[PDB]
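Novice: Can you look at this? It's an experimental structure, sequence on top.
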Amino acid sequence: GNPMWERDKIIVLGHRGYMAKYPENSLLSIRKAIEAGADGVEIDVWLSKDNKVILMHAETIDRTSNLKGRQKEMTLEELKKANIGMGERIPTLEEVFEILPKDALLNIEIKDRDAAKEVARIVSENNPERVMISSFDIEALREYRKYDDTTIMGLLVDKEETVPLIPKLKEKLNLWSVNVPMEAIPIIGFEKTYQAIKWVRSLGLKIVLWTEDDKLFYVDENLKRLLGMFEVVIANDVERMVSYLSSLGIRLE
Ligand SMILES: CCCCCCCCCCCCCCCC(=O)O
Ligand SMILES: C[N+](C)(C)CCO
Ligand SMILES: [Mg+2]
């Protein structure tokens, strides 16, 4: 009974804010996602050397910023000194919560199990009902659960051998959703993916769809064939997704 995530309307989140058009995991992309009609955003977080929760997808700042290094081995002053595009600086999770509408949804993907303690603290101060914690790393989710056992939680899946484990993980972690990549459709096949989703849903789990390439939502009408079987879609191109779902007559802009 979390009304922020349990809705009749499909939820659209911007991937890394809105990485199709604005610098990924930046405060600029977040505001733009919301103005384009997203319900919220998904971000990636790590813990800096001096114990601050910062936003970054990769384990080094190489690729999105003009500098080099591993953020887990750097401090926040060193990091706010990078440019991640369009003048934007690496934000902290606290900055993210100041920028967002107080009712906007936020999916925090924990990339760093060491960040779990601080993420749970910051979240408890910023209206946890609108937060989803997710991770590929079961031990990050288990650690998060030491500090917060009520926030909505999704398991990110990227390996086939994780799927049979889901009923026990749901128990151990109190999962709300399994967060599935559209890449599963080519890689394991549409029908096997469909039956796996159907089985997960029969366990009482909700479904979050994501992808590294929005083309996979639309090719072979992959997403349309899954209508009724997902609650949340994480899109790199928010405007395109918002328009598509309105064009099917299922989600009003
Ligand atoms: C409801 C669960 C069923 C779905 C199981 C699918 C398992 C994943 C297999 C494909 C992984 C592809 C991930 C590529 C993108 C990435 O890792 O960033
Ligand atoms: C970023 N996601 C939450 C969509 C999964 C990892 O790439
Ligand atoms: Mg992510």
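Specialist: Arrived safely, thanks for sending. Numbers count the residues shown, from 1 in each chain. Ligands and ions are numbered 1, 2, ... in the order given.
Novice: My reading is that residue 209 lies in a strand. Confirm?
Specialist: Yes. Counting by DSSP: H, G, I helix; E, B strand; the rest coil, one finds residue 209 located in a strand.
Novice: Please look at it and residue 230 and confirm they touch.
Specialist: Yes. If you go by Cβ atoms under 8 Å, residue 209 and residue 230 touch, sitting 4.9 Å apart. For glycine as for every other residue, the C-beta is placed from the backbone atoms N, C-alpha and C.
Novice: Those two - which one has more neighbours?
Specialist: For residue 209 versus residue 230, the count of surrounding residues by other Cβ atoms under 10 Å is larger for residue 209: 23 against 18.
Novice: Can you name the residues that contact the more buried one?
Specialist: 179-182, 217, 223, 226, 230, 232-234 (Cβ atoms under 8 Å, 6 or more residues apart in numbering).
Novice: same deal with residue 47?
Specialist: Per Cβ under 8 Å, 6+ apart, neighbours of residue 47: 53-54, 72, 112, 114-115, 118.
Novice: Going through the contacts of residue 209, which ones are buried?
Specialist: The neighbour count (16 or more other Cβ atoms under 10 Å) marks 179-182, 217, 223, 226, 230, 232-234 as buried among the contacts of residue 209.
Novice: What about ligand 2: which of those residues touch it?
Specialist: Among those, the ones lying close to ligand 2 by the criterion of Cβ under 6 Å from any ligand atom are residue 234.
Novice: Any chance of the buried ones among the contacts of residue 209 in TSV with distance to ligand 1 and secondary structure as columns?
Specialist: TSV is the format used below for those (distance: Cβ to the nearest ligand atom, whole Å; DSSP: H, G, I helix; E, B strand; the rest coil):
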residue	distance to ligand 1	secondary structure
179	9	strand
180	5	strand
181	4	strand
182	9	coil
217	14	helix
223	15	helix
226	11	coil
230	10	coil
232	13	strand
233	14	strand
234	11	strand
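Novice: Out of the buried ones among the contacts of residue 209, which comes closest to ligand 3?
Specialist: Taking Cβ to the ion as the measure, ligand 3 lies nearest residue 234 of those, at 8.1 Å.
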